[PDB]
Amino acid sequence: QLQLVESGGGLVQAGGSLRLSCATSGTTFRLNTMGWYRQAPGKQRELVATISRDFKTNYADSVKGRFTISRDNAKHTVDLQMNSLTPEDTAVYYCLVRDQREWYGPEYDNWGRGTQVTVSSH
């Protein structure tokens, strides 16, 4: 199976920036879409940004322009550059990696353990 290691969260001042990264290791047949989700206090785990192997992106509306998702297909990492942060961006951020284990087989969610992002008031 697959192991995910997330890094790059922490405490930041409002208006600041952070870089989240996730590395994948293990075995599978194919690695498909990778992305970042977040769960704020009392909220559902919601999509932030995804990126396909061909680099097609999808951004949450609350996040377009400020965040940029990237993907390294040589090392199988996915990064999220987060600029102009606000307290409303405080959440646990989770990396999602979708994988297939045989040709035309079902797709599986792989979730990281989550990285805390805390944005302090202005």
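Note that residue numbering begins at 1 and tracks the sequence as displayed.
- A summary of the deposited B-factors shows that, of 27 to 35 and 62 to 70, the stretch with the larger mean C-alpha value is 62 to 70.
- Two stretches are in play, 85 to 93 and 72 to 80, and the higher mean C-alpha B-factor belongs to 85 to 93.
- Residue 110: CA B factor lies in the lowest third for its chain, per the PDB record.
- In this PDB entry, the Cα temperature factor of residue 14 sits in the top third of its chain's modelled residues, the highest group.
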